[PDB]
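**Student:** Got a structure for you, questions after.
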Amino acid sequence: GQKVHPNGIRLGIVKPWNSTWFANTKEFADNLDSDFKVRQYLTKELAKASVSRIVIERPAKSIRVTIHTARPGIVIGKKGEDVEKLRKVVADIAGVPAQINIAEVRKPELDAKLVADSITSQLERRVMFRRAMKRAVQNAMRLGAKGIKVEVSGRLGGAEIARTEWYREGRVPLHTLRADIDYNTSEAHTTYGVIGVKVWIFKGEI
RNA sequence: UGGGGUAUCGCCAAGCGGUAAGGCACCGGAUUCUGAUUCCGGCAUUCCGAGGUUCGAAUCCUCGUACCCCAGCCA
RNA sequence: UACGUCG
RNA sequence: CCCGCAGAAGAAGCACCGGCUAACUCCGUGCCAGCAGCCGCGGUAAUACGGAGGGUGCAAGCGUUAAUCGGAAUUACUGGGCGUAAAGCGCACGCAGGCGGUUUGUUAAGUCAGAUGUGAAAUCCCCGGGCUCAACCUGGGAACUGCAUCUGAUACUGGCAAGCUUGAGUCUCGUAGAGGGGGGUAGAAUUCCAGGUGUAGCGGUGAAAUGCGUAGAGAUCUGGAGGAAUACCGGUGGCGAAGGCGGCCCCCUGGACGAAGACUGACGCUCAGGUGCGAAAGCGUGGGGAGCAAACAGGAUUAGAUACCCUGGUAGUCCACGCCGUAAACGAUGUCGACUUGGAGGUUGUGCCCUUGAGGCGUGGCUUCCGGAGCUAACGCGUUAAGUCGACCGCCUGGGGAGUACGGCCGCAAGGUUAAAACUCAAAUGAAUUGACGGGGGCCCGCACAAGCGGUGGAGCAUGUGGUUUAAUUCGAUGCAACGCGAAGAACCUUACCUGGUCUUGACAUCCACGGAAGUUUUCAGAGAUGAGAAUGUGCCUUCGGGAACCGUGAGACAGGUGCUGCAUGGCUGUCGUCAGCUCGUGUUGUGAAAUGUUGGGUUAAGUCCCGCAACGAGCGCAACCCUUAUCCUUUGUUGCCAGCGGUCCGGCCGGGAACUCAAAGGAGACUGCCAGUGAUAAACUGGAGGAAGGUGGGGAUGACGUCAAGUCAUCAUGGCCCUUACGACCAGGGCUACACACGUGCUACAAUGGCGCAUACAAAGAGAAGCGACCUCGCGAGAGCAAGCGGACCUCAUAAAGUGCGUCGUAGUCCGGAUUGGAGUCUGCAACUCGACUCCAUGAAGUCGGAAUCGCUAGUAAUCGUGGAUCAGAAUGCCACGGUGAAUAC
């Protein structure tokens, strides 16, 4: 087990943080756990909506949750009853007056959360993994994407030993720190157990 | 049955009446991935059992035990 | 295990 | 056989389903039961076992077994092989056998053509015919591949007769040669013997010892004897059928090759049995015996050493005659002949040309190296074939058993030769590829070794582990990469363990139905929760049947599990290793596994970079981008700073100043950029200047493809299995702290480079509200009381300590060392007995520099000195950080 998380080593360099509140030591743990609850809830209740990121920020006793998603229409719905329902329950969880926004992730096959969730969904619909991976690399390289690597792992095809079998195309410069590597990871709970899907997407060199 | 010999650390084997020496083993450490080899340290038998002489017995004397050797013949 | 492919 | 009757009515199994081989899942079993033709399945999710569902193949059959042929070109006549897979006799001579150049004539035996007789019938085959069809029966033909006789043909083969020269042989003349046998001789050297000189070692080895030596060795000189071998020439040189043959000379003798010419005229090639020759060792008889040397003996080495090494040493090696009859007797390649591109040599002839020299042009014989086509599994062979053919011989038929046993023949014997079987395995083998490995080779690196400094192993204690104990001593981690590791902190809690007491839809969920707002202070029993009471209950809506929140009660569906499996998993981690590597696309090469690229010449920290190159490019990695540190500039200047000012309670203390330290943001800076030299004028290297810094400046982060079925199911998630009045839950007490022992990692020591007392100087980095907690008072002290200030460059923790200056101690188990133990306390916490931390008084072990062994470090490093933080109510000698002083050494 030996590679650094390629989001974490780029946190001040190119990648931003998904939480951008300041807090002293008295409420740092409380704000942090409140963020675990709103991302847990808001991740479970938008499983069909293809959600990429949820960014929390707290401007002066009020949360401001931004849902980067690929299907904004299914998040908002017929006149946005679903949004006001979500800020009602996020205001229930965080205990502050909640705002909520939706940012449309166009080009959803270049986002690693959406790619890993895609391949994970296909693996738990019992399709063969080489199609899922290989299709994901092809259609991601089709639109921009100066590199992509996907990597499934663990008891693939229902075996009794676990393999990995990664694929990559293009250039994925993972030790370069100015590389805009969009990396994310999902787990596929199949009837044989968990299958881990990692995906790195190299977008640009700065 | 008689004569001679032996009995001393777990094993083989030195001990001169005032102290128990050697090797193998065993115990601890080290070398080594681990074991053997190796290296460094240790321990250890109040001496077959009983009685006696002596200031003092593994040592000397007597008896018993256990095991060896030699003889047990001429008719 | 284990390699059998589409609008 | 035909017609009528009644009604789908009387009528489907067997094998197989992992691959071969058509046809798949579930359940049971868990290296068992069992299956199987071969490969092989079965040790918990088995398409292979047993059952079921489903399917597949055949069908009044279907499977198994036995037997034959096929596949099997694995006995090869069609139709195989033999350098290395099994297989070329050790080499020749040669009989019987097989084969035989060229021309003409005759024959016509083989060969061919036709005819005749026969080749029984049935059967097979073809065209028809009859049973409703088919099987079956049957008509006619074809066929029976043969044999015999007669008639012809005469190209090939054979017979016969005659020839001919291109095959084979004879003669003439020379050439080279370690060809053979017999005889003689010569020179160096070794050993021995006799003698001279001379004196303390010689010999031997990795080191030694045995051995020889003051009875005079070894060294050295002279004389002698004897035996064997023949330096230099000496050469992938020569000769020989092969084995083999090495001074020089003589005698007897075999073959080869060349030049011109003559002669014979197919006299040739191969060869089973047969015969001969046949290294070395060995055997017999008789000699010889210097060296060397099986056996043997001694010395060593070693765990042992019947060995390698040393010192001796007999058979043997040498000669004569006889035997044996074999070798990796090997070009692992039978003999003879023919044809098929080349190059460089060697050796031995011969012809021609100015031989104008150690030349030029040819033509033979033998031989070496490399290569073309071709062949070959590949490796390689390649006009001396393993190419393209012909003749004859020998041999092979999976590995082992076994070239063995029995029998025969041979042999003095040792043994040789010929040559099986039972049984057993599903491989054995060849060549080549990728890797790994090597006590193989070349180049290169790292505190790897070396050069040093300080440790560990010895002592006491701390902490972890193994073991032992226990009611339990919870579980996990175990070479490196487990062992102050998970645990950044076990009194209760944590806690998972043990002993008891208890609960069962539950401590934690969601959904019901009923009742009641919840909540708040009380008392009794017991270890807590269960029970008994008093107030408060309406927090807002409901054609009232209820809903918001919370608590009891009842059934459940469930909840719960730190239970098992890290060898079913994810995620996260260690490690080789921050080692420089790991690959891919397209192209090409190879039958192919694969190769190339990626290797080679340099260079680099680096598959770094240049150059070359059947490669051209690309990716992950290296480098850079990131953080920090080292210098300067700009901005802002509080709480931070004080150079110049003013006075000053002399303290940045105040007014004030924004220069400086500093703070933090933004820039500059270092890139082999410049110079000289060396280098493929290339990469680069070495040196120099400037500069705070010089060549990835220092440090960190960053850890490629993969390896260890490495670690974790106990952080979490998770497949399957398992418990679900219990393996779940609550509680109190205990344990995780036990202690004959052993190991790991640390701390403190053994002191004078120090101990103690007094004074005194210089830090950095941090933390802080249920917190850090000044000042002041009390206490010897740990601390206590009152209590400012500070959520913080402002206040507090908080005095840095080693250092320095004085005094003392004086080499003592001591004024070292502090363990251990008694007493007295402080704090935290419901609670310090098991089982805290600290203080005071007293006690004052072991220990005087640590055996074998072992570890860390290359410069602000090691060493040494303190300070802070996380976890935490309290508990660090650990961990993570911070600064002070500050080395040695690298050939």
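Residues are named by chain letter and number: chains run A, B, ... in the order of the structure tokens, numbers start at 1 in each chain, and ligands are numbered from 1 in the order shown.
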Using only C-alpha atoms (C1' of nucleotides), find the residues of chain A whose closest atom to chain D is at most 6 Å away, then write them as a PyMOL selection string.

**Tutor:** chain A and resi 1+160+178+192-194+196

**Student:** Please save C-alpha atoms of the selected residues as a CSV table (one decimal), in the first residue's frame.

**Tutor:**
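Below is the file that was written, out.csv:
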```
chain,number,residue,atom,x,y,z
A,1,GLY,CA,0.0,0.0,0.0
A,160,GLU,CA,-12.2,-17.0,-5.5
A,178,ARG,CA,0.7,21.1,-10.9
A,192,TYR,CA,-19.6,-11.6,-4.1
A,193,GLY,CA,-18.4,-8.7,-1.9
A,194,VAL,CA,-16.9,-5.3,-2.4
A,196,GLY,CA,-13.1,-1.2,-5.4
```

**Student:** Running DSSP on the backbone, which parts of range 3-167 of chain A land in helix (DSSP H, G or I), as a VMD selection string?

**Tutor:** chain A and resid 8 to 10 28 to 44 72 to 76 81 to 94 108 to 110 112 to 123 129 to 142

**Student:** Find the spatial neighbours of residue 859 in chain D, counting only C-alpha atoms (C1' of nucleotides), within a cut-off of 12 Å - ignore same-chain residues fewer than 3 positions away - and output them as a ChimeraX atom specification.

**Tutor:** /D:698,862,886-889

**Student:** Mind checking which residues fall within 12 Å of range 33-35 of chain B, counting only C-alpha atoms (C1' of nucleotides), ignoring those fewer than 2 positions away in the same chain, and posting them as a PyMOL selection string?

**Tutor:** (chain B and resi 37) or (chain D and resi 479-480)

**Student:** Okay, now the selection with N, CA and C atoms (P, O5', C5', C4', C3', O3' and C1' of nucleotides), as a PDB file, in the first residue's frame?

**Tutor:**
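Once everything was written out, this is result35.pdb:
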```pdb
ATOM      1  P     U B  37      25.432 -28.449  17.548  1.00  0.00           P
ATOM      2  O5'   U B  37      26.534 -27.900  16.541  1.00  0.00           O
ATOM      3  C5'   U B  37      27.430 -28.816  15.903  1.00  0.00           C
ATOM      4  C4'   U B  37      28.376 -28.062  15.024  1.00  0.00           C
ATOM      5  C3'   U B  37      29.376 -27.164  15.728  1.00  0.00           C
ATOM      6  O3'   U B  37      30.476 -27.831  16.294  1.00  0.00           O
ATOM      7  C1'   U B  37      28.460 -25.985  13.918  1.00  0.00           C
TER       8        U B  37
ATOM      9  P     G D 479       7.854 -14.149  11.104  1.00  0.00           P
ATOM     10  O5'   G D 479       9.070 -13.565  11.955  1.00  0.00           O
ATOM     11  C5'   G D 479       9.745 -12.408  11.444  1.00  0.00           C
ATOM     12  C4'   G D 479      11.226 -12.427  11.736  1.00  0.00           C
ATOM     13  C3'   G D 479      11.937 -11.179  11.226  1.00  0.00           C
ATOM     14  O3'   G D 479      11.856 -10.098  12.134  1.00  0.00           O
ATOM     15  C1'   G D 479      13.192 -13.123  10.615  1.00  0.00           C
ATOM     16  P     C D 480      11.198  -8.768  11.689  1.00  0.00           P
ATOM     17  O5'   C D 480      12.303  -8.106  10.777  1.00  0.00           O
ATOM     18  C5'   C D 480      13.575  -7.795  11.310  1.00  0.00           C
ATOM     19  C4'   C D 480      14.542  -7.504  10.199  1.00  0.00           C
ATOM     20  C3'   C D 480      14.124  -6.431   9.218  1.00  0.00           C
ATOM     21  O3'   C D 480      14.531  -5.168   9.725  1.00  0.00           O
ATOM     22  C1'   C D 480      14.828  -8.374   8.034  1.00  0.00           C
TER      23        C D 480
END
```

**Student:** Just want the 12 Å neighbourhood of residue 631 in chain D, counted on only C-alpha atoms (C1' of nucleotides), with same-chain residues fewer than 5 positions away dropped. Output as an NGL selection string.

**Tutor:** :D and (668-670 or 691-693)

**Student:** Should the cut-off be 10 Å, what would the residue list for chain A against chain C look like, counting only C-alpha atoms (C1' of nucleotides), as a list in words?

**Tutor:**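 The selection requested is residues 130, 131, 155, 156, 157, 158, 159, 160, 161, 162 and 163 of chain A.
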
**Student:** Enumerate, as a ChimeraX atom specification, the complete set of residues in range 23-191 of chain A that a backbone-based DSSP assignment places in strand (DSSP E or B).

**Tutor:** /A:51-56,64-69,99-104,147-153,166-170,181-190
